[PDB]
Amino acid sequence: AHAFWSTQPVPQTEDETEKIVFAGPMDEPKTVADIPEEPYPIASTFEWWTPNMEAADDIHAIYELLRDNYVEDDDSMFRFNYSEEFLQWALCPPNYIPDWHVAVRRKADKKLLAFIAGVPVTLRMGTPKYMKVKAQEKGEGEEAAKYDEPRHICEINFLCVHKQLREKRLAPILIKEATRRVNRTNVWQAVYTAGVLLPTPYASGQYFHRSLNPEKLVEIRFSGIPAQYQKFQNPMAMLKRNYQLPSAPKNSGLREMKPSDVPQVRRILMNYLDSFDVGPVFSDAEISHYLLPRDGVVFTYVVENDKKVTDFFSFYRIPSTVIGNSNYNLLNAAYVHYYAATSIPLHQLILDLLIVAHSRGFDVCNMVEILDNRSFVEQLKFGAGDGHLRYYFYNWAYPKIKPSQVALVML
Ligand SMILES: CCCCCCCCCCCCCC(=O)SCCNC(=O)CCNC(=O)[C@H](O)C(C)(C)COP(=O)(O)OP(=O)(O)OC[C@H]1O[C@@H](n2cnc3c(N)ncnc32)[C@H](O)[C@@H]1OP(=O)(O)O
Ligand SMILES: CN1CCC(N(C)c2nc(N(C)CCC#N)c3sccc3n2)CC1
Ligand SMILES: CN1CCC(N(C)c2nc(N(C)CCC#N)c3sccc3n2)CC1
Ligand SMILES: [Mg+2]
C-alpha cells in the first residue's frame with residue numbers, strides 16, 4: 001500500500017501508534033559520518049538546485065512553481081498563492097540552513113520541476129502529560145522523561161512537484177535528499193503537516209473558517225448561503241448582517257507590536273505554550289522574526305494599558321488564486337498565528353483580530369483547532385470546514401494526542 005512510506009522510520013499503523021507510550025527515536029543511532037556525502041541519485045536529465053531564498057530572483061522562481069502547482073482543492077477552484085515576501089519570511093528564520101531548501105531542475109533549459117524546504121525549529125516533543133501519568137502508575141518515569149529537553153529539529157513544508165511530473169515517484173526522491181541534507185547537519189527528526197492521511201499522524205485537527213466578506217465568499221463558492229437563510233426575503237442581506245464586525249478594535253490599548261515588546265511577548269507566549277504537550281521554544285530573535293509586523297505577511301498587535309503589555313495576537317496572510325470566477329481572481333485569507341491572553345478572555349482578544357483583518361480587506365479568517373482555538377469558535381461565529389490538518393513526526397515515536405495539546409502553528 002505505501003511503497004515509499006513503508007521504508008521510512010515512521011509508525012506504520014494506528015495499531016502501532018496505539019502501543020506507543022514514550023517519546024523517542026525510531027531508527028538506530030547513526031552519525032553524520034554514516035550519511036552519504038554525495039547527493040541522492042537522480043536521473044541524468046535532472047539536477048539538484050539549492051535556491052538562495054533571500055535572493056529576489058530565486059524566491060521568484062520558487063514562487064512561480066508554487067503559484068502554479070501547489071495545493072488546490074479537489075474541484076480545482078482555489079490554489080494557494082503564497083507571496084514572495086511570505087516565502088522569504090517562512091524559509092529564512094534565524095539560523096536557517098540554506099542547504100535545507102532543495103529543488104530539482106531539468107538540466108537542459110533549467111525548468112524548475114520540484115521543491116521541498118526545511119527550516120530549524122526548537123520543539124518540546126517529550127512524552128505528553130497523560131502518558132507521563134501512565135508512566136508514573138507503572139514505575140516507568142525515567143524512561144518517559146528521557147527526551148523532555150526541547151530538541152533542535154527540522155520543520156518541512158512546501159513540498160511540490162510540477163503537475164506535468166506527477167505520479168512518477170519524484171516526491172520520494174526529494175524527501176530522501178532533504179533527509180540526507182538534514183542528517184548531514186546532525187539532525188534526525190522532523191515535524192510536518194499535511195491534509196492527506198499518511199502513515200501515521202500523532203494529532204489531527206479540523207479547519208475552521210470565519211467569514212469576513214460573505215458576499216465575495218458566496219460569489220466564488222468558498223461558501224454557500226446556508227438553507228435556513230432561504231426563509232428570508234433577502235438571504236444575502238441577512239448573511240452579511242450575521243457576519244458584520246466593528247470598524248475599529250474594541251480593546252483599549254491595542255496597537256501594533258514594536259521591537260521593544262519582544263521580551264514581554266516572548267515571556268507571555270512561552271509561559272502559555274508551556275502548557276501544551278507539543279510546542280515550539282523561541283529565542284528573542286525568533287520572536288522578532290515570526291511576530292514583528294511585516295507588510296503583506298504577518299500582522300501582530302499587543303494590548304498595552306498603563307505601560308504594560310498583557311496580551312497579544314498575530315495573524316498571517318495566505319492568498320489563493322480563484323481559478324474559475326469572473327468577478328474575482330484572489331481569495332485573501334488571514335490565518336490565526338500565535339497569541340497569549342493574560343488580562344482578557346481569549347474571545348475578546350480574538351474579536352479584535354477579526355476586526356483588524358476585516359478592516360485590512362481580508363475575506364476569511366482560518367485556523368486549525370490547535371492551541372485554545374476551540375474556546376472562541378461559537379461566540380466568534382467560526383464554522384468547521386471539511387479539511388483537516390494532520391501532524392506528523394519523522395523518526396519519532398509519539399503517543400496520539402488531541403489537537404488542543406498541540407501548540408505548533410505550521411505555515
Ligand atoms: C530528519 C529529516 C527528515 C526530513 C523529511 C521528513 C519527511 C517529510 C515528508 C514530506 C512532508 C510534506 C509536507 C507538505 O509540504 S504538505 C503539502 C504537499 N504539497 C502538495 O499537496 C502540492 C500539490 N501536490 C504535489 O505537488 C504532489 O502531488 C506531491 C509532491 C505532494 C506528491 O507528488 P506526486 O503526487 O507526484 O507523487 P509521487 O509519485 O512523486 O510520490 C508518491 C508518494 O508520495 C507520497 N505523498 C503524496 N503526498 C504527500 C505528502 N503531502 N507528504 C508526504 N508524502 C506524500 C504518497 O503517499 C506516495 O508514497 P507511498 O504512498 O507510495 O508510500
Ligand atoms: C466549502 N469548502 C470546500 C472548499 C474548502 N476550501 C475553501 C479549500 N480551499 C483551499 N484553498 C487552496 C484556499 C484555502 C483558503 N482560504 C484548499 S487546498 C486543499 C483543499 C482546500 N479547500 C472549504 C470548505
Ligand atoms: C504545510 N501546510 C500547512 C497549512 C496548509 N493550509 C494553509 C491550509 N490547508 C488546508 N488544508 C485542508 C490542508 C491542505 C494541505 N496540505 C486548508 S483547508 C482550508 C484552508 C486551508 N489552509 C497548507 C500546508
Ligand atoms: Mg512524481
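As a basis for the values below, the full set of heavy atoms in this structure was taken, side chains included, without hydrogen atoms, waters or symmetry mates. One is the number of the first residue; the rest follow in order along the sequence.
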Within the 4.5 Å heavy-atom criterion, are [X] and [Y] side-chain neighbours or not?
| X | Y | answer |
| --- | --- | --- |
| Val278 | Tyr398 | yes |
| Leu269 | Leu291 | yes |
| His358 | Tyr243 | no |
| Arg79 | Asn69 | no |
| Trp188 | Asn183 | yes |
| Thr193 | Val368 | no |
| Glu155 | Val191 | yes |
| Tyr290 | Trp89 | yes |

Can you tell me if [atom1] on [X] sees more than 12 non-hydrogen neighbours from other groups inside 6.0 Å?
| X | atom1 | answer |
| --- | --- | --- |
| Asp295 | CG | no |
| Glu37 | CD | no |
| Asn95 | CG | no |
| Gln12 | CD | yes |
| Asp57 | CG | no |
| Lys402 | NZ | no |
| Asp109 | CG | yes |

message: Could you go through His101 and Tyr96, starting from their C-alpha distance and side-chain angles, then the distance that decides it, and tell me whether this counts as ring-ring contact (aromatic ring centres under 6.0 Å, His included)?
response: CA-CA 10 Å; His101 301 160; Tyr96 80 100; 5.5 Å; yes

Would you call [X]-[Y] a salt bridge at under 4.0 Å N-O?
| X | Y | value |
| --- | --- | --- |
| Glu137 | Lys134 | yes |
| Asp73 | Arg221 | no |
| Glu369 | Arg374 | yes |
| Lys163 | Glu72 | yes |
| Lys132 | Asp148 | yes |
| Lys216 | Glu219 | no |

message: Tell me if the centroids of the rings in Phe222 and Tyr328 come within less than 6.0 Å of each other.
response: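 No, the ring of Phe222 stays outside the 6.0 Å limit from the ring of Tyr328, centre to centre.
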
Taking atom types as modelled and ignoring hydrogens, do the side chains of [X] and [Y] form a donor-acceptor contact shorter than 3.5 angstrom?
| X | Y | answer |
| --- | --- | --- |
| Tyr272 | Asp372 | yes |
| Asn81 | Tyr63 | yes |
| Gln244 | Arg241 | no |
| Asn373 | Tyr339 | yes |

query: Would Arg180 and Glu177 count as a salt bridge (charged side-chain N to carboxylate O under 4.0 Å, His left out) if you check the C-alpha gap in whole Å, the side-chain angles of each, and the deciding distance to 0.1 Å?
result: CA-CA 5 Å; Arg180 186 194 70 78; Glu177 176 62 10; 2.9 Å; yes

[X] versus [Y], closest heavy-atom pair with distance:
| X | Y | result |
| --- | --- | --- |
| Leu351 | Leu245 | CD1-CD2, 3.8 Å |
| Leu353 | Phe315 | CG-CD2, 3.8 Å |
| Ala340 | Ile268 | CB-O, 3.8 Å |
| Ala357 | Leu212 | CB-CD1, 4.0 Å |
| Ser204 | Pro403 | O-CG, 3.3 Å |
| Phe312 | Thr300 | CD1-CG2, 3.9 Å |

task: Can you measure from OH (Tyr207) to CG (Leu389) and round to the nearest 0.5 angstrom?
output: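 It comes to 4.0 Å.
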
message: Does the plane of the ring in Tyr82 sit parallel, tilted or perpendicular to the ring in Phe86? Use 30° and 60° as the thresholds.
response: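 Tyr82 vs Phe86 ring planes: perpendicular.
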
message: Can you classify the ring geometry of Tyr202 versus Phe393 as parallel (below 30°), tilted (30 to 60°) or perpendicular (above 60°)?
response: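 Parallel: the ring planes of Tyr202 and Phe393 meet at under 30°.
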
Steps toward ring-ring contact (aromatic ring centres under 6.0 Å, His included) verdict (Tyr147, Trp396): CA-CA 11 Å; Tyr147 294 108; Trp396 198 243; 5.1 Å; yes

- prompt: Among pairs that include at least one residue of residues 113-131, which meet side chain to side chain donor-acceptor pair (under 3.5 Å), considering only residues two or more places apart or in two chains?
  reply: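 Residue pairs passing side chain to side chain donor-acceptor pair (under 3.5 Å), neighbours aside: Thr122-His152, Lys129-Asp277, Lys129-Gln405.
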
query: Which of these, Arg105, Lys110, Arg106, sits in a side-chain hydrogen bond (donor to acceptor under 3.5 Å, both in side chains) with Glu47?
result: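 In the set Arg105, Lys110, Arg106, the residue that makes a side-chain hydrogen bond (donor to acceptor under 3.5 Å, both in side chains) with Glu47 is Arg105.
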
task: Starting from the C-alpha separation in whole Å, work towards a yes-or-no answer on side chain to side chain contact (heavy atoms under 4.5 Å, CB included) for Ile62 and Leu112.
output: CA-CA 8 Å; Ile62 297 313; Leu112 183 64; 3.7 Å; yes

Sole residue of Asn366, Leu411, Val409 in side chain to side chain contact (heavy atoms under 4.5 Å, CB included) with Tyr335: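 Exactly one option meets the side chain to side chain contact (heavy atoms under 4.5 Å, CB included) with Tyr335, and it is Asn366.
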
